[PDB]
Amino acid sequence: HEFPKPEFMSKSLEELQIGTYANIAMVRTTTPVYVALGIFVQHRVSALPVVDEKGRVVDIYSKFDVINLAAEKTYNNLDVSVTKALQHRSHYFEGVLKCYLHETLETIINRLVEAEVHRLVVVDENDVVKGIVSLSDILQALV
């Protein structure tokens, strides 16, 4: 009773039916942090894909990013774009932002662990949002 079972690890996200693929809440690179703050508190989601003018995912903005902004010693207000979080980290260029439905659970779990991130955005061939896979999604499938 290996954990995880090898047969699970070799299956794809699509095969295991892992992730959320409807009603995804997301923002734009030009969205102010106040908009994200309001979504997090009132809509109750943990992270928001951030898309460019073409609809392509370039970041994911999380509750922790807001707290990190709050801790900055320099003066900020909430009118700053969510892209200021990119000064702290680049999920995009580290290859720990996106995934595809055909990737295996082994690949997804290793990518999450590589950068200690808690979700990935599932995208299409144009880097447009199809869904989100979070640690909760993976745990549900493991049981």
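Residues carry their position along the shown sequence, with the first being 1.
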{"query": "Mean temperature factor over C-alpha atoms, higher-scoring stretch between 121-129 and 7-15", "finding": "7-15"}
{"query": "Mean temperature factor over C-alpha atoms, higher-scoring stretch between 66-74 and 51-59", "finding": "51-59"}
{"query": "C-alpha B-factor winner, where the candidates are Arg111, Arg28, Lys84, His102", "finding": "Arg28"}
{"query": "Entry-reported Cα temperature factor of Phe40, expressed as the chain third it lands in", "finding": "lowest"}
